[PDB]
$ cat final.pdb   # PDB, C-alpha atoms
ATOM      1  CA  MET K   1     -30.068  16.858  16.639  1.00  0.00           C
ATOM      2  CA  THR K   2     -33.009  14.650  17.592  1.00  0.00           C
ATOM      3  CA  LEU K   3     -32.329  11.639  19.812  1.00  0.00           C
ATOM      4  CA  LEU K   4     -32.971   8.071  18.633  1.00  0.00           C
ATOM      5  CA  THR K   5     -35.500   5.305  19.245  1.00  0.00           C
ATOM      6  CA  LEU K   6     -35.849   1.534  18.948  1.00  0.00           C
ATOM      7  CA  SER K   7     -38.058   1.911  15.887  1.00  0.00           C
ATOM      8  CA  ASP K   8     -35.251   3.918  14.299  1.00  0.00           C
ATOM      9  CA  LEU K   9     -32.298   1.575  14.843  1.00  0.00           C
ATOM     10  CA  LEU K  10     -34.591  -1.295  13.861  1.00  0.00           C
ATOM     11  CA  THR K  11     -35.688   0.106  10.502  1.00  0.00           C
ATOM     12  CA  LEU K  12     -32.188   1.244   9.510  1.00  0.00           C
ATOM     13  CA  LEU K  13     -31.081  -2.254  10.472  1.00  0.00           C
ATOM     14  CA  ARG K  14     -33.997  -3.659   8.501  1.00  0.00           C
ATOM     15  CA  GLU K  15     -33.006  -1.586   5.461  1.00  0.00           C
ATOM     16  CA  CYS K  16     -29.450  -2.837   5.816  1.00  0.00           C
ATOM     17  CA  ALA K  17     -30.393  -6.509   6.017  1.00  0.00           C
ATOM     18  CA  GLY K  18     -33.032  -5.942   3.341  1.00  0.00           C
ATOM     19  CA  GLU K  19     -36.039  -7.151   5.325  1.00  0.00           C
ATOM     20  CA  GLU K  20     -39.649  -6.078   4.832  1.00  0.00           C
ATOM     21  CA  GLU K  21     -40.315  -4.869   8.365  1.00  0.00           C
ATOM     22  CA  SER K  22     -38.276  -2.681  10.757  1.00  0.00           C
ATOM     23  CA  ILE K  23     -39.046  -5.241  13.453  1.00  0.00           C
ATOM     24  CA  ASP K  24     -39.264  -8.613  11.733  1.00  0.00           C
ATOM     25  CA  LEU K  25     -38.001 -10.418  14.839  1.00  0.00           C
ATOM     26  CA  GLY K  26     -41.301  -9.482  16.480  1.00  0.00           C
ATOM     27  CA  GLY K  27     -40.351  -7.059  19.242  1.00  0.00           C
ATOM     28  CA  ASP K  28     -38.572  -9.111  21.900  1.00  0.00           C
ATOM     29  CA  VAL K  29     -35.131  -8.199  20.572  1.00  0.00           C
ATOM     30  CA  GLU K  30     -34.359  -4.940  22.366  1.00  0.00           C
ATOM     31  CA  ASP K  31     -32.122  -6.630  24.936  1.00  0.00           C
ATOM     32  CA  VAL K  32     -30.899  -9.485  22.739  1.00  0.00           C
ATOM     33  CA  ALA K  33     -27.375  -9.510  21.292  1.00  0.00           C
ATOM     34  CA  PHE K  34     -27.055  -8.770  17.570  1.00  0.00           C
ATOM     35  CA  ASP K  35     -25.667 -12.263  17.048  1.00  0.00           C
ATOM     36  CA  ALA K  36     -28.530 -13.669  19.126  1.00  0.00           C
ATOM     37  CA  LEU K  37     -31.184 -12.206  16.814  1.00  0.00           C
ATOM     38  CA  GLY K  38     -29.390 -12.891  13.526  1.00  0.00           C
ATOM     39  CA  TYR K  39     -27.135  -9.863  12.950  1.00  0.00           C
ATOM     40  CA  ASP K  40     -23.437 -10.411  12.279  1.00  0.00           C
ATOM     41  CA  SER K  41     -21.591  -7.097  12.215  1.00  0.00           C
ATOM     42  CA  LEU K  42     -21.138  -6.151   8.565  1.00  0.00           C
ATOM     43  CA  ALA K  43     -24.761  -5.032   8.417  1.00  0.00           C
ATOM     44  CA  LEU K  44     -24.425  -3.257  11.747  1.00  0.00           C
ATOM     45  CA  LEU K  45     -21.268  -1.559  10.504  1.00  0.00           C
ATOM     46  CA  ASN K  46     -23.285  -0.117   7.631  1.00  0.00           C
ATOM     47  CA  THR K  47     -26.275   0.820   9.792  1.00  0.00           C
ATOM     48  CA  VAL K  48     -24.053   2.429  12.428  1.00  0.00           C
ATOM     49  CA  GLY K  49     -22.389   4.382   9.621  1.00  0.00           C
ATOM     50  CA  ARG K  50     -25.690   5.887   8.507  1.00  0.00           C
ATOM     51  CA  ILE K  51     -26.556   6.755  12.103  1.00  0.00           C
ATOM     52  CA  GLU K  52     -23.241   8.462  12.842  1.00  0.00           C
ATOM     53  CA  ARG K  53     -23.779  10.494   9.668  1.00  0.00           C
ATOM     54  CA  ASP K  54     -27.542  10.952   9.885  1.00  0.00           C
ATOM     55  CA  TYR K  55     -27.489  11.717  13.605  1.00  0.00           C
ATOM     56  CA  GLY K  56     -23.931  13.070  13.677  1.00  0.00           C
ATOM     57  CA  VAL K  57     -23.015  11.098  16.793  1.00  0.00           C
ATOM     58  CA  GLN K  58     -19.425  10.578  17.935  1.00  0.00           C
ATOM     59  CA  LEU K  59     -19.066   9.786  21.639  1.00  0.00           C
ATOM     60  CA  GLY K  60     -16.647   6.918  21.066  1.00  0.00           C
ATOM     61  CA  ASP K  61     -15.604   4.870  18.039  1.00  0.00           C
ATOM     62  CA  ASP K  62     -15.570   1.825  20.317  1.00  0.00           C
ATOM     63  CA  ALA K  63     -19.295   2.350  20.979  1.00  0.00           C
ATOM     64  CA  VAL K  64     -19.871  -0.114  18.156  1.00  0.00           C
ATOM     65  CA  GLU K  65     -17.710  -2.637  20.006  1.00  0.00           C
ATOM     66  CA  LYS K  66     -19.564  -2.630  23.322  1.00  0.00           C
ATOM     67  CA  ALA K  67     -22.802  -2.235  21.360  1.00  0.00           C
ATOM     68  CA  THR K  68     -24.162  -5.780  21.568  1.00  0.00           C
ATOM     69  CA  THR K  69     -27.867  -4.939  21.769  1.00  0.00           C
ATOM     70  CA  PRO K  70     -29.962  -2.235  20.003  1.00  0.00           C
ATOM     71  CA  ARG K  71     -30.474  -0.393  23.277  1.00  0.00           C
ATOM     72  CA  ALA K  72     -26.680  -0.017  23.274  1.00  0.00           C
ATOM     73  CA  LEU K  73     -26.382   1.766  19.931  1.00  0.00           C
ATOM     74  CA  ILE K  74     -29.519   3.786  20.662  1.00  0.00           C
ATOM     75  CA  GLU K  75     -28.124   4.598  24.098  1.00  0.00           C
ATOM     76  CA  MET K  76     -24.829   5.756  22.632  1.00  0.00           C
ATOM     77  CA  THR K  77     -26.763   7.876  20.154  1.00  0.00           C
ATOM     78  CA  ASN K  78     -29.316   9.251  22.621  1.00  0.00           C
ATOM     79  CA  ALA K  79     -26.424   9.953  24.962  1.00  0.00           C
ATOM     80  CA  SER K  80     -24.681  11.866  22.208  1.00  0.00           C
ATOM     81  CA  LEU K  81     -27.739  13.914  21.289  1.00  0.00           C
ATOM     82  CA  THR K  82     -28.641  14.637  24.909  1.00  0.00           C
ATOM     83  CA  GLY K  83     -24.978  15.387  25.600  1.00  0.00           C
ATOM     84  CA  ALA K  84     -25.270  18.310  23.182  1.00  0.00           C
ATOM     85  CA  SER K  85     -21.719  17.914  21.873  1.00  0.00           C
ATOM     86  CA  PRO K  86     -18.666  17.861  24.227  1.00  0.00           C
ATOM     87  CA  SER K  87     -16.576  20.725  25.592  1.00  0.00           C
ATOM     88  CA  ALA K  88     -13.233  19.229  26.637  1.00  0.00           C
ATOM     89  CA  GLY K  89     -13.724  19.916  30.354  1.00  0.00           C
ATOM     90  CA  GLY K  90     -13.514  22.538  33.093  1.00  0.00           C
ATOM     91  CA  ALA K  91     -11.681  21.612  36.290  1.00  0.00           C
ATOM     92  CA  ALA K  92     -11.819  23.811  39.384  1.00  0.00           C
ATOM     93  CA  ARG K  93      -8.384  25.209  40.211  1.00  0.00           C
ATOM     94  CA  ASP K  94      -8.597  28.887  39.314  1.00  0.00           C
ATOM     95  CA  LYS K  95     -10.566  32.000  40.316  1.00  0.00           C
TER      96      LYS K  95
END
$ encode --input "final.pdb" --output "structure tokens"
Amino acid sequence: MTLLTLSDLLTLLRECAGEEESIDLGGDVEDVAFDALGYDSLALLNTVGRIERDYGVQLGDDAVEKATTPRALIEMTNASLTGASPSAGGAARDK
């Protein structure tokens, strides 16, 4: 599917919180922790849910844990989209 952007994660977050602007904080909140901008987790949990379903991402369930900033979630998503789904692996020990 299509990767993700800051404007995306922001709006979906905005919809979750119920704000009237994808980026109400202003803009200087791309590298600020969710708790540092005003997000708790419950809202993020919902937003992340819509993303995993809307984008169909699934690199790691713990991605939400490490995800402290928006660039994190977006990174995990963009990484999933760019990854183009997994494939187990393919070591080199045959012919």
$ residues_around --input "final.pdb" --residues "residue K:46" --least-positions-apart "5" --cutoff "12 Å" --atoms "all atoms listed in the file" --output "list in words"
residues 9, 12, 13, 14, 15, 16, 17, 39, 40, 41, 51, 52, 53 and 64 of chain K
$ resolve_selection --input "final.pdb" --expression "the PyMOL selection byres ((chain K and resi 56) around 9)" --output "list in words"
residues 1, 51, 52, 53, 54, 55, 57, 58, 77, 80 and 81 of chain K
$ write_last_selection --input "final.pdb" --atoms "C-alpha atoms" --output "PDB file, keeping the file's coordinate frame"
ATOM      1  CA  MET K   1     -30.068  16.858  16.639  1.00  0.00           C
ATOM      2  CA  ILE K  51     -26.556   6.755  12.103  1.00  0.00           C
ATOM      3  CA  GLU K  52     -23.241   8.462  12.842  1.00  0.00           C
ATOM      4  CA  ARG K  53     -23.779  10.494   9.668  1.00  0.00           C
ATOM      5  CA  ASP K  54     -27.542  10.952   9.885  1.00  0.00           C
ATOM      6  CA  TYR K  55     -27.489  11.717  13.605  1.00  0.00           C
ATOM      7  CA  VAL K  57     -23.015  11.098  16.793  1.00  0.00           C
ATOM      8  CA  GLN K  58     -19.425  10.578  17.935  1.00  0.00           C
ATOM      9  CA  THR K  77     -26.763   7.876  20.154  1.00  0.00           C
ATOM     10  CA  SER K  80     -24.681  11.866  22.208  1.00  0.00           C
ATOM     11  CA  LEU K  81     -27.739  13.914  21.289  1.00  0.00           C
TER      12      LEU K  81
END
$ closest_residue --input "final.pdb" --among "K:69, K:47, K:82, K:5" --to "residue K:32" --atoms "only C-alpha atoms"
K:69
$ closest_residue --input "final.pdb" --among "K:4, K:19, K:73, K:49" --to "residue K:33" --atoms "all atoms listed in the file"
K:73
$ closest_residue --input "final.pdb" --among "K:63, K:50, K:31, K:7" --to "residue K:79" --atoms "only C-alpha atoms"
K:63
$ atom_distance --input "final.pdb" --atom1 "atom CA of residue K:59" --atom2 "atom CA of residue K:76"
7.1 Å
$ axis_aligned_box --input "final.pdb" --around "stretch 27-34 of chain K" --padding-each-side "6 Å" --output "lines of an AutoDock Vina configuration file"
center_x = -33.7
center_y = -7.2
center_z = 21.3
size_x = 25.3
size_y = 16.6
size_z = 19.4
$ atom_distance --input "final.pdb" --atom1 "atom CA of residue K:43" --atom2 "atom CA of residue K:75"
18.7 Å
